[PDB]
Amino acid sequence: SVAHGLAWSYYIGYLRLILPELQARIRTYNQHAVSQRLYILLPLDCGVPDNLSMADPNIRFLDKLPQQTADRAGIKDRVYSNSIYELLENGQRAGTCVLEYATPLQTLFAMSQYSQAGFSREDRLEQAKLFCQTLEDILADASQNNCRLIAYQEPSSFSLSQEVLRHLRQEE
């Protein structure tokens, strides 16, 4: 309901707008190597920290991609900013990619805390799963070649960098 709408809104209002322009931005950054594809982190616990290096020190901020701008609903030159991270493994750089969390999962988290939202805290997991499955279904028929969904459930020793590396290595 909320998850279904969030997945559609994230796709329509964000991914549909950045993904067609992403490959050219990465090619530009590389010519001035960062992997292609936006790697989207989908923690099913809906824990969305703003600083990726805090979630895993082995996920190290490298640089920002050149920004994309577009006139969007009266916002002239609405800016789309994306960050490049290096993934470390036993002190070695193992991968470089454009990475971010899916921000609707932070909305699901925050909504469950507001009494007026009518969203119970114990419904978070079911809604996160529906969000991930819906987004997967959208991207299958859309965008798909320009991004990779990294959905995961934390157990208490978990490596976020290893989770991303497993997806990055699958691309060969």
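If you superpose the two forms and keep the largest set of C-alpha atoms that fall within 1.5 Å, you have the rigid core. For every residue, the number given is its place in the sequence shown, counted from 1.
- For 51 to 59 versus 122 to 130, the mean Cα distance to the shown form in 7 other deposited structures of this protein after rigid core alignment is larger for 122 to 130.
- Residue 156 is a gap in at least a third of the other entries compared, counting only those with both neighbours built.
- According to the entry, the deposited sequence has 1 to 3 residues without coordinates between residue 142 and residue 143.
- Coordinates are lacking for 1 to 3 deposited residues between residue 155 and residue 156.
- The stretch 158 to 166 shows the higher mean C-alpha B-factor when 11 to 19 is compared against 158 to 166 in the entry.
- The PDB entry reports B-factors from which the mean C-alpha value can be compared for 51 to 59 and 124 to 132; the larger average falls on 51 to 59.
- Looking at 68, 113, 103, 31, the one whose CA carries the top B-factor in the deposited record is 31.
- In the PDB entry, residue 6 places in the middle third of its chain by CA B-factor.
- Among the modelled residues of its chain, residue 96 has a C-alpha B-factor that falls in the middle third according to the deposited record.
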